[PDB]
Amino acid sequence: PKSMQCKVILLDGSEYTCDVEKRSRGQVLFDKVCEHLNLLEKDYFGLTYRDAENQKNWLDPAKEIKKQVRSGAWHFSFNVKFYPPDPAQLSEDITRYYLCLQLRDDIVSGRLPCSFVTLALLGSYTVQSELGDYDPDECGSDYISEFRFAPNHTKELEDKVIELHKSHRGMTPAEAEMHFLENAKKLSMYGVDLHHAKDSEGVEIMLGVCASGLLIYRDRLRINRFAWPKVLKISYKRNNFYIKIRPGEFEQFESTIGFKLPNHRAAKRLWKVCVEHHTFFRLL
């Protein structure tokens, strides 16, 4: 038995260190992390690693870790893989807590755009969960939270978080986390995994993968939507990705939409993400 050291960045930003046998599959590491987190509703989560091209990949739990990280370090992050469209239906408050931590990072990173007022509201619920009730002993006219809320901050934003925090008196952490999620789940980019591609005409677009289906964005603007029920088949070949769309009721044939990805690995990654999301959300 040869022990490999694993480092996993947890969603509170702390680093978890453990050992797994050199021939271990991803599931073994994932199970250690989830036991450390006291997490039972594991199916929404996964581990990511960075490949030699610096691209984010999901660690496949069925495959040897060594055949995935290959030349790279055994360094991972714990992340939400499948964002639930209805977080109130999760069985456990701790599952909602980890989803809130992920969404906080999605907002601060700029991956999840959000209006000024919604940033403030979400921030207010975070403060209520972490600090409890508004405390004027701790909060003067010059207050800036130690909590990061947004990609960048203004004093007007900090003041709005305070104003809204005042309104939450008596709210428990689990209640504030549920309010956070009821608001976050309505954001247009909630749970949307974005992939750079060109359309068949060579025009740069973004392809989004999420619970409801596939999104084609033309220039930071939603254009085209394919709900999972409309998607017959998806495939890749070389650096091409193909979506087959079910015919309308009385149409004879499916339509094919083709995209060019930056390389073969990118085309494969997109296909895998799509198959996983289609399967998970068809069955959930």
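When you see a residue number, it is the position in the sequence shown, counting from 1. We call the rigid core the largest set of C-alpha positions that still match within 1.5 Å between the two forms.
After superposition on the rigid core, the larger root-mean-square Cα deviation in 8 other deposited structures of this protein belongs to 51-59, not to the other of 51-59 and 25-33. The rigid core fit leaves 66-74 as the farther-lying stretch in 8 other deposited structures of this protein, judged by Cα positions and set against 41-49 and 66-74. Judged by mean Cα B factor in the deposited record, 198-206 ranks above the other of 198-206 and 170-178. Legend: mean Cα B-factor per stretch from the PDB entry, 247-255 versus 217-225; the higher mean is in 217-225. In the PDB entry, the Cα temperature factor peaks, among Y44, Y236, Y49, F30, at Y236.
Ranked by Cα temperature factor within the chain, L39 sits in the middle third according to the deposited record.
Among the modelled residues of its chain, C114 has a C-alpha B-factor that falls in the middle third according to the deposited record. Ranked by C-alpha B-factor against the other modelled residues of its chain, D137 falls in the highest third. In the deposited entry, the Cα temperature factor of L90 sits in the middle third of values across the chain's modelled residues. The deposited CA B-factor of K230 belongs to the highest third of values across its chain.
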